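Trainee: Okay, handing you the structure first.
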Amino acid sequence: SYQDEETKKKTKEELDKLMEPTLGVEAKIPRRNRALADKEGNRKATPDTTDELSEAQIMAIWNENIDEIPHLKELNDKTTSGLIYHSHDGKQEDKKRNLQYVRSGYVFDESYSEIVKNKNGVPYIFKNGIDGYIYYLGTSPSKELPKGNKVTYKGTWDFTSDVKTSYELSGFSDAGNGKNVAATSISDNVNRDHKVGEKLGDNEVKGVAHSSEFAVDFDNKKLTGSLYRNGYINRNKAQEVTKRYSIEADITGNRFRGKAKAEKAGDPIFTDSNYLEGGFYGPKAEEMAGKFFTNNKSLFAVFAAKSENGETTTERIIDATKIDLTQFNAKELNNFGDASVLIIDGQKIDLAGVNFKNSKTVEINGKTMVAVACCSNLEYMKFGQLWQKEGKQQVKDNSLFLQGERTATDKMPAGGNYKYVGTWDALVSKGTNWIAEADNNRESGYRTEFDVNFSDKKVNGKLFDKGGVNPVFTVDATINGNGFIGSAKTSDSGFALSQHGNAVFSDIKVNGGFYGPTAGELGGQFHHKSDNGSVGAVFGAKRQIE
């Protein structure tokens, strides 16, 4: 007498490329080509007057190890200067940046000469001076966010302009003033080596280099911020602190999208941007980082900041877990708030498809990955199998995954009783390998039934084998916030898979979540390893009517 409640499909958004989320972003610092001839060996009527910034030069990056600074090894291998620096290298006050989950700013060779000649030996590329990148990179995109109307983050920002020989900028050294090398946060004449609070000697130090501050309103999913330039400070010269930008953004998943507003009029490079995007990093959003690109393409900027502590109450926004089927342990997956996407090496694998469950095969080189994702009636979560192919078919790294976009806790139903119907994937390993495979045969297939009492804050569930009359697994759990937690178990008799004893499981931890606008979807996992008696499982179910 039961069927899927009819809910409105999740609204599909199409992001401009720059607004797509990534672990990090980098851009090369522009350098004017000073060569006098072109590649065919003919004299240029005029030398280049520009070296532009473009959206194509703004690259997504995805290194897992943040201690491995982007391009740092490449720059050391090719340097003839021995003058390699980066914004976290600790050698000056402005390069002491104590972040745990984020790295940002710049990495560069102070003086690198690039001269490319054609086959007839004529130079058609000549660039010299600072060589490097502006960037940010984060790790562990946040799965929980603080509660509250104002959480403060403090940190830095950094930037590179483009190049134009007509630029007449002030405040920048000859090492990068826009004419031959971009004006950057490397060449800006700011306070780099005196700490906040110092006196020189009547002059108080108010800031170091380029500082950022953000006020995040997590409960309204909004944030604002400011970006400051902290000028050179001397005995003969008090510090000029100027605000260059105001920032506003809206939060989606663990990301935010917005704008940067230039605070001073008439500046040829510090101009408005409609293209600001960044995210929260750390398990509980202890840090944030992002970038923007001005609308006239004069500037690519990055920023990074951290909150004072937590210590703070958080609400979970995302589940994304992989259960490995050879060790039966779990690991976190990168996810930005879209459960219908699997993220591997910065490549997004779309999990949706026309059928009830769908297989996607993709080479994220050098690995060739297969994902089998369920299901088409689940809009705010996905689960299934993930493995790597090796010939056809020797399977490698076999695993299960679950992703979901959690219900907001204040949108959790307040009582009472609802039925949830779905399916599941699992591997039980005793002697033989017993498998569960997702299907939509709710009569005799691999069924999952859940009764959820929101009043009693109790979740009860049954998980079936195909054709079975009784469930091979049951779960008892308690609702807390927008998730649930409890235990899975077998019958006291276990279940068969005659020579060896049945598999019997008791008290296996089950973690689950509620997904969607009003918890119309739920899902969870449980895993356990023992010799003998191993099991890994993911499940999902849709709220029913009648």
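The way I read the labels, and the way they are meant: chains A, B, ... in the order of the structure tokens, residue 1 as the first residue of every chain, and ligand 1 as the first ligand shown, with later ones counted on from there.
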Might you pull out every residue within 12 Å of residue 3 of chain A, with only C-alpha atoms counted and same-chain residues fewer than 6 positions away left off, and present them as a count of residues only?
Mentor: 13
Trainee: Using the chain letters and numbers from this document, which residues of segment 219-450 of chain A does DSSP assign to strand (DSSP E or B), as a VMD selection string?
Mentor: chain A and resid 222 to 231 241 to 252 255 to 262 273 to 281 287 to 293 299 to 307 314 to 316 318 to 324 330 to 332 341 to 344 347 to 350 357 to 364 367 to 374 381 to 390 394 to 406 417 to 429 433 to 436 447 to 450
Trainee: Just want the 9 Å neighbourhood of residue 329 of chain A, counted on only C-alpha atoms, with same-chain residues fewer than 2 positions away dropped. Output as a ChimeraX atom specification.
Mentor: /A:322-327,331,527-529,536
Trainee: Where does segment 369-460 of chain A meet segment 505-513 of chain A within 9 Å, residue by residue, with the nearest atom pair and distance in Å to one decimal for each, counting only C-alpha atoms, listed by chain and rising number, as a Markdown table?
Mentor:
```
| residue | atom | partner | partner_atom | distance |
| --- | --- | --- | --- | --- |
| A:404 | CA | A:513 | CA | 7.6 |
| A:405 | CA | A:513 | CA | 8.6 |
| A:406 | CA | A:513 | CA | 6.4 |
| A:407 | CA | A:513 | CA | 8.1 |
```
Trainee: Using only C-alpha atoms, determine which residues lie at most 8 Å from residue 131 of chain A, disregarding the query and same-chain residues fewer than 6 positions distant; provide the list as a list in words.
Mentor: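 Result of the neighbour search: residues 28, 29, 31, 108, 109, 110, 111 and 112 of chain A.
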Trainee: Contacts of residue 192 of chain A at 8 Å or less, counting only C-alpha atoms, minus same-chain residues fewer than 5 places along, as a count of residues only?
Mentor: 6
Trainee: Compare A:34, A:297, A:264, A:221 by their minimum atom-to-atom distance to residue 181 of chain A, counting only C-alpha atoms, and give me the closest one.
Mentor: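 The closest residue to residue 181 of chain A is A:34.
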Trainee: Please list as a VMD selection string every residue within 9 Å of residue 456 of chain A, counting only C-alpha atoms and excluding residues in the same chain fewer than 5 positions away.
Mentor: chain A and resid 415 to 416 478 to 479
Trainee: Calculate how many Å separate atom CA of residue 233 of chain A from atom CA of residue 268 of chain A, rounding to one decimal.
Mentor: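 Calculated distance between atom CA of residue 233 of chain A and atom CA of residue 268 of chain A is 25.0 Å.
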Trainee: So that each row is one residue of segment 279-390 of chain A with an atom at most 10 Å from segment 247-261 of chain A, can you give its shortest atom pair and the distance in Å to one decimal, using only C-alpha atoms, rows by chain and rising number, as CSV?
Mentor:
```
residue,atom,partner,partner_atom,distance
A:279,CA,A:255,CA,4.0
A:280,CA,A:254,CA,5.5
A:281,CA,A:254,CA,8.0
A:285,CA,A:254,CA,8.1
A:288,CA,A:255,CA,9.1
A:289,CA,A:255,CA,9.6
A:290,CA,A:256,CA,8.7
A:291,CA,A:260,CA,9.8
A:292,CA,A:260,CA,7.5
A:293,CA,A:260,CA,9.0
A:294,CA,A:260,CA,8.3
A:317,CA,A:253,CA,6.8
A:318,CA,A:253,CA,7.7
A:335,CA,A:254,CA,8.7
A:336,CA,A:254,CA,5.7
A:337,CA,A:253,CA,4.1
A:338,CA,A:253,CA,7.5
```
Trainee: Filtering to C-alpha atoms, could you give me those residues as a compact mmCIF listing (two decimals), in the first residue's frame?
Mentor:
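Below you can see selection-v6.txt, which holds the result:
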```txt
# COMPACT_ATOMS: atom_id res chain seq x y z
CA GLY A 279 35.46 27.26 0.10
CA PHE A 280 35.72 26.12 3.71
CA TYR A 281 38.42 23.63 4.63
CA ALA A 285 35.41 24.75 8.55
CA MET A 288 38.58 29.32 4.26
CA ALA A 289 40.30 30.17 0.99
CA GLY A 290 39.36 31.46 -2.44
CA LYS A 291 40.12 33.57 -5.48
CA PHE A 292 38.65 36.17 -7.75
CA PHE A 293 39.34 37.56 -11.21
CA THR A 294 38.43 41.13 -12.06
CA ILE A 317 26.06 19.40 5.78
CA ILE A 318 27.66 16.51 3.87
CA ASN A 335 32.86 16.51 -1.83
CA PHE A 336 31.64 20.07 -2.20
CA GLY A 337 27.93 19.66 -1.49
CA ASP A 338 26.83 17.78 -4.61
```
Trainee: Residue 364 of chain A: which residues within 9 Å, counting only C-alpha atoms, same-chain residues fewer than 4 positions away excluded, as a list in words?
Mentor: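 These residues fall inside the cut-off: residues 344, 345, 347, 368 and 369 of chain A.
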Trainee: Tell me, in Å to one decimal, how far atom CA of residue 135 of chain A is from atom CA of residue 66 of chain A.
Mentor: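 Separating atom CA of residue 135 of chain A from atom CA of residue 66 of chain A is a distance of 12.0 Å.
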